[PDB]
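J.: Dropping the structure in here first, questions after.
Cβ: placed from backbone, ideal geometry, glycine included. Neighbour counts: every protein chain shown. What follows is calculated from the coordinates using simple rules that are stated; it is not laboratory data.
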Amino acid sequence: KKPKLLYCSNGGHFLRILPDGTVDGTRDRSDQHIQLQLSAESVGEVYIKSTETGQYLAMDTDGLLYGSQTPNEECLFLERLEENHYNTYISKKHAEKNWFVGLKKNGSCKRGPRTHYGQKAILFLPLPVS
Ligand SMILES: O=C(O)[C@@H]1O[C@@H](O[C@H]2[C@H](O)[C@@H](NS(=O)(=O)O)[C@@H](O)O[C@@H]2COS(=O)(=O)O)[C@H](OS(=O)(=O)O)[C@@H](O)[C@@H]1O[C@H]1O[C@H](COS(=O)(=O)O)[C@@H](O[C@@H]2O[C@@H](C(=O)O)[C@@H](O[C@H]3O[C@H](COS(=O)(=O)O)[C@@H](O)[C@H](O)[C@H]3NS(=O)(=O)O)[C@H](O)[C@H]2OS(=O)(=O)O)[C@H](O)[C@H]1NS(=O)(=O)O
């Protein structure tokens, strides 16, 4: 683990955690909020925390992504592999509902309830920085 970038195939954007707790995607590589440090809390779970603001990516009960200043149960995600070798992150809390981390092709975050196994918006690829 060294800070990475979560580049999403669908749309080709980099996961971003704006200082205001807003999660989205951007194509600007020079954006100072796309560097993320992934912290493994166990064998299949991970923490996705911003290096620039320190916020942890989390997902509320409504399936919306946000930047939390605290590592709570809503910040833990299961990292899995698609058969095309892409990383997909499903909310450990909302695991049974099948809610993943995902970005609309236009760049916006896709709502938990609006994502599902197999989509292209949930296909993330861990790109290395420096
Ligand atoms: O079409 C895309 O732009 C694209 O679709 C997926 O990409 C596929 C490629 O196009 C495909 N190539 S091919 O040549 O077209 O075959 C192939 O390469 O595969 C890729 C990836 O898909 S695959 O690998 O899973 O097969 C891809 O989908 S996703 O990754 O799963 O999200 C996306 O990259 C992208 O999809 C995006 O746009 C479509 C089309 O939108 S449009 O351009 O605005 O028209 C979005 O889908 C449309 O809208 C949704 C929706 O809004 O929810 C669906 O609409 C129905 O359901 C809603 C919600 O209902 S419910 O939840 O309340 O029950 C209703 O409000 C709508 O009225 C419903 N319409 S109905 O079904 O006709 O009754 C529906 O999927 C679709 O509607 S429509 O037909 O366009 O009207 C899609 O969400 C969006 N994904 S996002 O990640 O960008 O957000």
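J.: Please give the net charge around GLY11, taking every other residue with its beta carbon less than 12 angstrom from that of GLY11, where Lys and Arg add +1 and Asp and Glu add -1. List each step's numbers first, then the result.
T.: On the way: positive: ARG27, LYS104, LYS105, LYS110, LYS120; negative: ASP24.
Summing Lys/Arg as +1 and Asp/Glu as -1 gives +4.
J.: Now for a separate question. Longer than 21 Å from Cα to Cα, which of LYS4/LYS97; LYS49/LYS120; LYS2/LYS49; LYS49/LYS105; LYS97/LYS120 are they? Say none if no pair is.
T.: Details: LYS4/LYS97 28 Å; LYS49/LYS120 23 Å; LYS2/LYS49 12 Å; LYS49/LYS105 23 Å; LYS97/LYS120 18 Å.
In this structure, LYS4/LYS97; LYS49/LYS120; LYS49/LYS105 exceed 21 Å between Cα atoms.
J.: Could you let me know the centre-to-centre spacing of the range 1-72 and the range 76-91, using Cα atoms, in angstrom?
T.: Centre-to-centre distance over Cα atoms comes out at 14 Å.
J.: Still on this model: Which value, in Å to one decimal place, does the Kirkwood hydrodynamic radius take for the chain when every pair of different Cα atoms is included?
T.: Working: mean 1/r = 0.0708 Å⁻¹.
The answer is 14.1 Å.
J.: Still on this structure: Mind listing the phi-derived Karplus ³J(HN,Hα) values for the range 73-87, rounded to whole Hz, using 6.51, -1.76 and 1.60 with θ = phi - 60°, and x for any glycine or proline?
T.: Each residue of the range 73-87 in turn: 5, 6, 10, 8, 9, 8, 9, 10, 10, 6, 6, 9, 6, 10, 8 Hz.
J.: Which far-off residues, 5 or more places away or on another chain, put their amide H under 5 Å from the one on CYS109, with H placed in the peptide plane?
T.: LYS104
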